[PDB]
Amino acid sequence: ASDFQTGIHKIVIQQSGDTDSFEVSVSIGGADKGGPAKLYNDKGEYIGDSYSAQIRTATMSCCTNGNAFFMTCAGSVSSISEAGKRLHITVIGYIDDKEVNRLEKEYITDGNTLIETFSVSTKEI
């Protein structure tokens, strides 16, 4: 329980590289003491208590209300492109604007089918 903090949990995702050569999808959720966490987009609009999206812009973010104690982002990155295409993915997890975890990924296609996955959360590792 000490690994969890109640507050506004947030995930920010940024991508760079040969973005048209890769499909990047994420699923985001969290929890509060009563159920799945309510989720909000970068403008603060309510988007439900589950969320998935293909990443098609440079930056996306998702946050909770202030009752959440946990938030997770699971993603997949795939490509059937020719060898030598490159993607960078950064996923940052915050609680009340403090960075609590970060994933940095670099992908480069080798001519075979590329399928990779990742996960990050706001739990203390």
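Numbers for residues come from their place in the sequence shown, where the first is 1.
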64-72 set against 86-94, stretch whose average Cα temperature factor tops the other in the entry: 86-94
Mean B factor on CA atoms, stretches 7-15 and 112-120, record says higher is 112-120
Per the PDB entry, which option out of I47, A58, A31, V26 has the greatest Cα B factor? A58
Looking only at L39, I80, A53, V100, the Cα with the top B-factor belongs to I80
